[PDB]
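Residue-level structural notes
The primary structure of each chain is shown beneath.
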Amino acid sequence: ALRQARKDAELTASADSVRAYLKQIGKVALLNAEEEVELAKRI
Amino acid sequence: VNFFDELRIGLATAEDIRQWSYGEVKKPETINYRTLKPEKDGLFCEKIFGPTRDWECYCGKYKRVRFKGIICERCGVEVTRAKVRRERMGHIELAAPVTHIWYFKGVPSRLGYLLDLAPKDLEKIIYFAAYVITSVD
Amino acid sequence: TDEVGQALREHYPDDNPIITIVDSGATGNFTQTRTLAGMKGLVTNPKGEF
Amino acid sequence: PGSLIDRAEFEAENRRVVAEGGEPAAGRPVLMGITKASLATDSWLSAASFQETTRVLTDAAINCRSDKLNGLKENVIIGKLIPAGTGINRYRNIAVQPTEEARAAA
Amino acid sequence: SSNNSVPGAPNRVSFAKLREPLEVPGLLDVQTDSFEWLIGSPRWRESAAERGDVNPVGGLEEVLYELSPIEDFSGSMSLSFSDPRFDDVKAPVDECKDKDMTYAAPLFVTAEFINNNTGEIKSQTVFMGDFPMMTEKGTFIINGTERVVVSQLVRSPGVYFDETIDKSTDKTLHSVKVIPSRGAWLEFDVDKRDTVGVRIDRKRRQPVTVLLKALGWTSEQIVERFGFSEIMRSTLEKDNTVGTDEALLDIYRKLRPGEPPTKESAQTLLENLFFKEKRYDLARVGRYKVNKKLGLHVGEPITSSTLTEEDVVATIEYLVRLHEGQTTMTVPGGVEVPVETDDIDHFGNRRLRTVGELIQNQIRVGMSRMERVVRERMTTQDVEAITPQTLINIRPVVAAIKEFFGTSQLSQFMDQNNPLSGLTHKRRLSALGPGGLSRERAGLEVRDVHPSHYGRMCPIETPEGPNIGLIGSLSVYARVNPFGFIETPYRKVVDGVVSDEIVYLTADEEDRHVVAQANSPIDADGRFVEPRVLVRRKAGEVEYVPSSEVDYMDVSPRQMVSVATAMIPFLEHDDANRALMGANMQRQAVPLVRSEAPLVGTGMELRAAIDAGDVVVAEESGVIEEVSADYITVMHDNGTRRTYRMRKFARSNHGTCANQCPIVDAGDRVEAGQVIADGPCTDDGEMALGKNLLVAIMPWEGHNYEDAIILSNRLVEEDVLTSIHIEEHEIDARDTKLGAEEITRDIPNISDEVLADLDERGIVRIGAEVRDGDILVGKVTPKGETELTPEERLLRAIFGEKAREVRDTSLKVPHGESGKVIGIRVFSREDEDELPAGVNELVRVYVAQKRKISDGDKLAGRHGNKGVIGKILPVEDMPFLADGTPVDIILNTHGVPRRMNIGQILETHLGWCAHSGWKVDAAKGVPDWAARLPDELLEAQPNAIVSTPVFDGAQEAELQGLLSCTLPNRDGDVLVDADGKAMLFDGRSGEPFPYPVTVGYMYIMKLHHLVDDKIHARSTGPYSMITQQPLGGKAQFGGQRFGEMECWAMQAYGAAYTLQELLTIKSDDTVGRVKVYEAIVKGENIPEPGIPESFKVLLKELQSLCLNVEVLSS
Amino acid sequence: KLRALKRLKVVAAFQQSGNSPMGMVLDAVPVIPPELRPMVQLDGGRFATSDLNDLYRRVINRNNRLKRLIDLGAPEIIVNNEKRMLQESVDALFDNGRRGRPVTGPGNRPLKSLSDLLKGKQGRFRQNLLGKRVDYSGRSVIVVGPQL
Amino acid sequence: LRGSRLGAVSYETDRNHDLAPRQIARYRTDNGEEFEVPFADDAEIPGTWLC
Ligand SMILES: [Zn+2]
């Protein structure tokens, strides 16, 4: 229902392409300090 | 020279485009701000497109018609007339392939008919919104 | 309008310069003479009606 | 099927195709408007300069349609002599010499 | 009779049979009152107190109050504005005009920063910027130039219910467009089926029930509100969605496509779009329109500029009852309103954004930009260290004002050919511009004359070009409703006694009530005479009501007409096309050197000059102390003296003279409001755009063939039609890369013969006559070092002359121009004058010429006749009367009957009657025709001025009677018989013409379409930039466009080589044009054309688009 | 049937002549000669671009940035966004006003691409090619010459 | 509204009857492309050339 409409809106054209880039970047969330330390040690 | 009889428009290829050009513009500059002379490898470069003045190279090595049809060894601009700046073309070597807009967007879409793809979906392909499979085994 | 125009037509002499110009074929139809003297007639709506 | 082609070309193709095995293509006369008749011409320069320049240009580029430069518009665009009036070869190539009797008189 | 007002008037006898209850208003009130409403001037304050005292509020106050307060997202602080206030202007009008500085005054605003959490007020007086100020004449002065803000007709915000028919169904489909200002629309439509579409923001319709449940109406409340409505209950069944939030989510999906919906977001966004006023504001006019159309509030003040649920549900129910075919309708809490469709062009729905509204809108958008900046910097800046000085940024506001007054289609260049054009450029309504329809978007139905234009907008005067109906002008008596509508005066009649209580109505009250006609028999008591009376109803119908239901009456005739059109005598005899032409070309006359007043005219010759501003008016009564050609010093009754400065030979905005010479003497006593000095086209107070010329109406020798006009040489000898045209040339000595140029006498190669006129330091001496191509400003620039051609080197050394590294670019006067040099105005950086960046010395030279009349200049009377002058005959070969007086011009007869403009005939006849003077010998009573003539008209003097008002003038019988007795000139000689014709003698051959010919005195102007501005030629000149075509426009040499149609015309002839020439070797063959010039000079044959530089540019562009457009040779 | 007819009108077009359909996609973009997109010094030391220089500058900027991104080593998201902008810049260069919004300049004025110079009533194809300003010409107001 | 391309047109007349003699050099890229450059005779030949 509501989640179905969410998934339907997840697949739209978005001809602006800045809105498309924003919906693309919306996929990945933030991180906090300890995982930053872990990533730095790994790299 | 006249003797014009036919004009044949046609889809140009990359090998034709980089055969038309006399150079490869690779810098987004036009004119030096202070001396008001075109930049090297820019959108107005004398080496690529021809001399701004008549029978003069960029460093002024060869300033006479006696020196014509030749290229100055240092600055690289070929010494000729100044009307060649209206005719000589350039080219840009793209680092990634791009699609022409006339054969994708103009209804009826020609890429769509050639590939049997819907434009509502072809737009999702060529603007990096959806994947396609180029080969399945 | 028709009958006013007919009365005006039968009233004028032949040497009258307005009707002399009109009847010569030089310029102008008789309706302009009818509007000059007599009756303007029926005038149209902005939509097209009368 | 459904495509529109010139009557002369249709007849010529039928004369060619009655030989080498005979089969006729069936054709029906059509009355088309002036816009579509003008746009469906043989020369791409004139049609492109008329109307709907983008689509005419792109489908002419696809078809590789070679113009032959024989109308009164494509001869105006490229600046050479038009094929009407004093431009046709019947009048453009007149040899003018003084007459024999008056050449002898001179 | 006469005028009986504006002291110092010429005694101009009037043919006005009726009375004039209301004098014409202050003609320029539409500009001045609007601007002082914007400012909040005390005169406007007391006028508003007289006419609506409850809310005396200026436009700056409104934008400031709607702006105040400004809070951050935290809500812990706020910023507010109050008390707009002006200083005096920094410079007077004339100094502003001379020194190219805009006429402005600073704006001071009291800003207050308030903190919430700790609590302080930071009050200041922030300089908001210079604000342009309108002068006394209704014009702004920007950058020295004079500009006029033209009032704009727009479509007022509100509710507009309209219907269409569907030929596929034959049903009436009704709809509404609730159009706000800067908001989002919503349309409620009834489609082909019996459902109702509620399309909100342009996107894919809606049934009502979704929107009703969105606001919070359950199905039971929808039944209760819409029970009788069959369509509404059908859509309630068709709802296919139950639950308010179930409708809200669908609305959010339809309105936010590509957004994750949440309950709070959908709950708040619908309120945001229509109820949160920051993104939705239908203005004061829109609120008044909606609550008057729907009758929601009656006595309540105008507030809450957003919508409300009551308004929306009332709109829906109004639509459904209007589809039901109801007549009236009561909404709970409001008085009932009639159910009707609304006209898109009725003046109750078409409002007028005047100059004040436009400047207020521009200030509003500038304040919006500044508010965005200020609320950005409220947060980033540290608290307890700031003040409104640090927060306010005035650059976007002044940028918005400067962008409005310069480079906007409504901030038009002031058009001064004659004072009348100055008056009529103002008081002009334009329906095109920003926020209005453009000419390509303009339909045919907007360009007509709705029957609501009567008394609010003249149906005659519109531009004849591609703007007909989009540009018109206000009526004479029109006044502007404070809400932007156009009121009109009317005389109230109660129970059949015509009172004098003049009441102003807009178009709506003109619909409700019923209107009579001024030319009706009032029996000297306010009482009508005949019961059966000419009357207008609501929808433009004309009927015969009895003389008991008439409640309102027109103030006067000529109320429907504009200012310029009211100055046409015998207008009611002219056709509307030729009247339109006469009105449009009455504003194009040029100021002559003499400017003699017309013989026959109207009452608007005097009041269109004292109001236009170009006539100096004695401010307060007194005696003249002293006069000159430069100033008038008046002695007021109480001590004070005042010096009125003139404006001698000042250039207008179109090159015409603007002389002002006094008409008072050293001992005369003047009263307040009296004309004290005539203007460009003024004569003893009243307008004079042309001259009175002796006119015959015969076709003479084919020179007056097809609108051509012949003149006497008499008009050339005595300078009757002769204008003084003043042209302005300018040149600046800027900076450059190689150095700096200098205005000097050290010019490169030119003989010292042409340096005689120049003074010691460049520019010419004052009064030195110049021809085309002469040197005006000696100015030379550096060039650098270019290697010479060898033969130039040899030729230089042969005469020993040096390289002369500098290059001359002097100010040469352009081709086809001559005349004296009046004045030289020179700026400099050394005097510390305001010059743009990188400019050292500016100088302007004013070159004037006395343009006489010639063959080709355009002449015209007041009734749409017009023509180029065919031939200037000598005085002897012109048809002269029996007394030897030659006629001055000869019009054609064949243009008169077919154009239906016989007013020029009548104006001719009365003209002669006004010149010879009449005397009605009332020995045995008064003759029958002269019974209703006013007194002191039974006799008149020679050259006595007269006046016929527009729609009550000389009757034809009265013209016959006046023409019967036209007392002789000097001998016993009645030259013009009772018929109005005379026996002309052929001045060329000698024999008298066999038939009598119409002669009279006609008033004719000189239009600003002179030959010297139009004649143009080019053999070779400048060339265009990207394409190598010749330039054009006559500003350069320029060439004529040999367009596509001429190409077809030459193809049809079979002309091949001429077409090849005109398209190859005269336009684009870059190597071929030098060849054709060489071949012509050397006498050789014209070279064969090559390929044009147009086809090659096309080829290179086609190759640039990845299209291999190759040519195969053969 | 009808879909087959419309497709074959494009498929058979590529089969009859010698055009490979590879030219539909683009690898090297040609640049119009400088004098057809001139940079002129107006009187007053100003400058006037021909409005194609900005589009070419955008294309070169995005292509060079893509080259640097790929050479350095960049994530899939950034590289794909850069490729999409390269596509949009080329699209704007060839035809403005087709996909998305018209690429605007100062004053919110749409830019003039290569298509907007061929197209239009004022484009080369219609006029400035059929009708031209001409030398050896003049104009004047006219009067009647009844003795000629 | 004057304008210039920041260039100068020389009104010189073609002198094809004699030009300074011009030598011709052949440059080659890495990928097998050949280019011919008519360099000046009394001039140095740069082995590395932008082709
Ligand atoms: Zn060099």
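Residues numbered from 1 in each chain as written, not as in the entry; some residues may be left out. Chains lettered and ligands numbered in written order. Part of a larger assembly, values for the part shown. Heavy atoms only, no water. Residues with missing side-chain atoms left out of burial classes, pairs and counts.

For this entry, the PDB record names cryo-EM as the structure determination method and reports a resolution of 3.4 Å.

Together, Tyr1077, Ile1080, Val1081 and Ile1086 of chain E together with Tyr136 of chain F give the surface a local cluster of nonpolar side chains, amounting to about 470 Å² of exposed area. Take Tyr1077 of chain E: it is sitting in helix α25 (residues 1070-1081). (Patch = residues over 30% accessible without salt bridge, like charges linked within 9 Å, V, L, I, M, F, W, Y side chains within 5 Å. Areas by Shrake-Rupley, 256 points an atom, 1.4 Å probe, with all protein chains shown as cover. Salt bridge = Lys/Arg side-chain N within 4 Å of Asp/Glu carboxyl O. Helix = DSSP H or I, 4+ residues; strand = E, 2+ residues; numbered from the N terminus.)

This part takes up the nonpolar core. Counting 77 residues, the largest nonpolar core has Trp44 and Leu57 of chain D, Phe1095, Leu1102 and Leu1107 of chain E together with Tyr56 and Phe94 of chain F as the members making the most contacts within it. If one sorts the elements of this core by residue count, helix α2 (residues 52-72) of chain F sits on top with 6 residues. Filtering out sequence-adjacent residues up to four positions away, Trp44 of chain D remains in contact with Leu7 and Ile9 of chain B, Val56, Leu57, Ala60, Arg65, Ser66 and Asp67 of chain D together with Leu1102 and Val1109 of chain E. One finds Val178, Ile200, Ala214 and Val290 of chain E within the second-largest nonpolar core, a separate group that totals 47 residues. (Core = buried A, V, L, I, M, F, W, Y, C linked by side-chain atoms within 4.5 Å. Buried < 20%, exposed > 50% of the residue type's maximum accessible area, 1.4 Å probe, protein only. Contact = heavy atoms within 4.5 Å.)

Another aspect to go through is the sheet that holds strand β17 (residues 411-413) of chain E. Two orientations exist for strands paired in a sheet by backbone hydrogen bonds: parallel and antiparallel. Residue and element names in this part refer to chain E. What the 3 strands build is an open sheet, ordered β7-β8-β17; its pairing is antiparallel. Looking at strand neighbours, the two that pair on one side only are β7 (140-142) and β17, the edges of this open sheet. For this sheet the average axis-to-axis angle between neighbouring strands, irrespective of direction, equals 50°. Sheet topology places β7 next to strand β8 (residues 145-149); 3 bridges connect them, and they run antiparallel. Residue pairing in the sheet places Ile141 in a bridge with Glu146 of β8. The strands touched by helix α14 (residues 395-405) within the sheet are β7, β8 and β17, with β8 carrying the most contacts at an inclination of about 90°. (Pairing = 2+ DSSP bridges. Axes fitted to C-alpha atoms, helices over the stretch in contact; angles between N-to-C directions.)

The highest contact count of any of the 12 pairs of chains in contact belongs to chains B and F. Separating chain A from chain B is a minimum C-alpha gap of 7 Å, and the two share no contact.

It is worth spelling out the interface of chain B and chain F at this point. Opposite the 47 residues of chain B that make contact, chain F presents 47 residues. Overall, the association of chain B and chain F removes approximately 5,000 Å² of surface from exposure, summing both partners, and the carbon and sulfur fraction of that is 69%. Joining chain B to chain F, the criterion identifies 1 salt bridge. A salt bridge links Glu123 of chain B to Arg99 of chain F; the shortest N-O distance between them is 4.0 Å. At the junction of chain B with chain F, the criterion picks out 15 residue pairs in polar contact. Among the elements of the structure, α1 (14-20), β2 (90-99), α3 (110-115) and α4 (119-126) of chain B are those that each provide at least two residues to the side of chain B that touches chain F. Here the element with the most residues in the side of chain B that touches chain F is β2 of chain B; it accounts for 10 residues. For the side of chain B that touches chain F, the class distribution of residues is 28 nonpolar, 7 polar and 12 charged. (Buried area = accessible area lost by both parts, 1.4 Å probe. Polar contact = N/O pair within 3.5 Å; in protein donor to acceptor, adjacent residues only side chain to side chain. Nonpolar A, V, L, I, M, F, W, Y, C, P; charged D, E, K, R; others polar.)

Moving on, we come to the coordination of the zinc ion. Residues and elements named next belong to chain B. For the zinc ion, the protein coordination sphere consists of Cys57 (SG), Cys59 (SG), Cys72 (SG) and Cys75 (SG), at 2.2 to 2.4 Å. Between the 4 donor atoms coordinating the zinc ion, the angles at the centre fall across 109 to 110°, so the site counts as tetrahedral. The sequence pattern describing where the donors of the zinc ion fall on their chain is C-x1-C-x12-C-x2-C. On the basis of relative accessibility, which here comes to 0%, the residue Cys72 falls in the buried class. (Donors = N, O, S within 2.8 Å, 3.2 Å for Na, K, Ca; no water. Tetrahedral: all angles 85-135°; square planar, octahedral: opposite > 155°, others 65-115°.)

All right, on to a negative patch on the surface then. Among the surface-exposed residues, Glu340, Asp343, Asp511 and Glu541 of chain E lie close enough to one another that they form a single negatively charged patch. With respect to the helices, strands and loops of the structure, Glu340 of chain E is situated in the loop between β15 (337-338) and β16 (350-353). (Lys, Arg positive; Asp, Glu negative; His and termini not counted. Charge placed at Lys NZ, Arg CZ, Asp CG, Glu CD.)

The next subject is the interface of chain D and chain E. On the chain E side, the residues contacting the 17 residues of chain D number 18 residues. Across the interface of chain D and chain E, roughly 1,300 Å² is buried in total on both sides, 71% from carbon and sulfur atoms. Counting across the chain D and chain E interface gives 0 salt bridges. Run the count over chain D and chain E and you get 3 residue pairs in polar contact. When residues of the side of chain D that touches chain E are traced back to their parent elements, those giving at least two are α4 (53-63) and α5 (74-77) of chain D. Tallied by class, residues from the side of chain D that touches chain E come to 10 nonpolar, 5 polar and 2 charged.

Together, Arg19 of chain A, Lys203 and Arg256 of chain E together with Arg101 of chain F make up a positively charged patch on the protein surface. With respect to the helices, strands and loops of the structure, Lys203 of chain E is situated in the loop between β13 (196-197) and α5 (208-215). In this structure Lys203 of chain E comes out as partly exposed when scored by relative accessible area, which is 38%.

Let us now look at the sheet that holds strand β26 (residues 600-601) of chain E. All names here are of chain E. The 3 strands lie next to each other as β1-β48-β26, forming an open sheet whose pairing is parallel. Every other strand in the sheet has two partners, leaving β1 (13-14) and β26 as the edge strands with one partner each. Two strands pair when backbone bridges link them, and β26 and strand β48 (residues 946-947) are joined in this way by 2 bridges, in the parallel orientation. Bridge assignment links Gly601 to a residue of β48, and that residue is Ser947.

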